[PDB]
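Quick heads-up: it's one chain on its own, the form deposited without its partner chain, in C-alpha cells.
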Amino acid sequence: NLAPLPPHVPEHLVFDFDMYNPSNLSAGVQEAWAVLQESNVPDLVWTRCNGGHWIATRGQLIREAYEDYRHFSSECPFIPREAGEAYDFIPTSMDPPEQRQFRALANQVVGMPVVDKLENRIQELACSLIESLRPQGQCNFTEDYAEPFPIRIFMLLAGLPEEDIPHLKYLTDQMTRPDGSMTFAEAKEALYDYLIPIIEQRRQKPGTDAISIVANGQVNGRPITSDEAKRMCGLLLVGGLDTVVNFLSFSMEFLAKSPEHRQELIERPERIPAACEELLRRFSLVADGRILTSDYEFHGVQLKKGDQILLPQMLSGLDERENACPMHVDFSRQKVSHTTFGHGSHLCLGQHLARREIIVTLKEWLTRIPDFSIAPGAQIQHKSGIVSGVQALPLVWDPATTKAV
C-alpha cells in the first residue's frame, strides 16, 4: 500500500521502508531498521509507505534535524500524518520557546531528585519480583517482570490504582504500535477520558502524587489549565507504560544469549552503568519525527512545506560512522554514541528514571539468576512502531544455579 510519489521527490531517493512492519523484522527489529544503512541507500530517502515521508538514515542528519526546530517542527511529530495531527501531548507537540515552561514542570515530577528519592522503592520492587521468580526456573519475562516492574513504579509515582494497568497498557500500545482496531485519536481520547475525572479531583483535593503536582502547577507565571495538565499526563502515561517496559526485554533477550556478558557484570559491577549505556545504544527503540515548516534544501535534498520526516532516534547509534561494528555489544566502548533518549530541546525527561530502573534490574537480576537462557526452540519475535518491542520472552534456568539474598 504505497502512496503516489510526489512531484518534488526524485525517484533515486525512493526506498519503501515500512516503520510499522519492516521487511527484515525476523532478523531483529534493530537489524530490520539497519537495512536503511546499507551502501545502496542514500543518507536521506523517501518512503511511499504510511502516506509517504522522508527518513533520515544517518546520525549526523538525525541530530541536525532535531536541533533545528525552526525547520523541523514537533507540531506533527508522528507518522502517519493522522497520528501526528491528532497528537497533542505536552511538551512533545510544542516547539521552543513555548515548550520551556511545560518541560520544567514535567521535570518536577520525574526528574533526578524524584528518582533518587524513589530509588529505595525501585530496588525493593525489583528484589521482590525477582526473588519470587527465582525458585521457579522459568518465566515469561515480558509479563512477569518487564511490565510489572516499571509500570508499578510509575503507578506509585502517579498515585494511580494498579487495577487500571490493563486498561491503560492497551491504550498506550494502540498509539505506539497500532493494531488497526482504533485510530490514534480514539486511543488518545480514551486516555484523556480516564485522566479528566482524576485531574478534576486532584485540582480540588491536591495530593503529593505526580498528577496532583502537574494539575496544580504553574506555567508562564499562571495556573496550568485542566486541558494542559491532561495533555502532559497523557505523555507521562506513555513514558511510564511503554518505554522501559520494552527496552528491558531487548536487553534481557541479549543477556540470555550471552553468558560472557553476564559473567562480566557479575564480577565487575562497576561496569553496569556503562553496560546500561551500551545496551541503550544497541537496542535503541524509539522513532518519531518532525514536520517541515516550509520549503527547505537539506543536504542537497529539496524538502517541501508540510512534508513529514522520520528521524529515527534508534538509528544514530547503529550508524557505523558513529560506532565501529555497530551491531556488536561491547561494554568497554571508548565512547557509546547514541540518541536513544532523543536529541535537542525534547531530550527525554524520564531518562534518569529509565537508567535507574535498567541498572537496578541488571544488578538485582544477575545477582539472583546469573545463569539463564531462552527457552528451547523458542522463536523470539519483535514488533516495530513509534516504540518497538518484544512479543514474548520465555526464559529458563536451573533453580539450583540461583542465589537468594
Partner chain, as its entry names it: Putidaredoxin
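Residue numbers count along the first chain shown, from 1.
Another form exists, solved in complex with its partner chain; not displayed. Remarks below refer to it.
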Requested in this report: Heavy atom within 4.5 Å of its partner chain in the deposited bound form: which of 299, 257, 100, 305 fits that? Just give me the one.
Outcome: 100
Query raised in the report: Of these, 113, 166, 206, 223, which has a heavy atom no more than 4.5 Å from its partner chain in the deposited bound form?
Result: 113
Requested in this report: Indicate whether residue 349 is a 4.5 Å heavy atom neighbour of its partner chain in the deposited bound form.
Outcome: yes
Query - its partner chain contact in the deposited bound form: residue 67, any heavy atom under 4.5 Å - result: yes
Query raised in the report: Do residue 28 and its partner chain share at least one heavy atom pair within 4.5 Å in the deposited bound form?
Result: no
Query raised in the report: Going by a heavy atom distance of 4.5 Å, is residue 108 a contact of its partner chain in the deposited bound form?
Result: yes
Report summary line: Given 149 to 157, 100 to 108, 134 to 142, 175 to 183, the stretch touching its partner chain in the deposited bound form at heavy atoms within 4.5 Å is 100 to 108
Query raised in the report: Hey, which residues along 327 to 350 are within 4.5 angstroms of its partner chain in the deposited bound form, non-hydrogen atoms only?
Result: 343, 344, 345, 347, 349
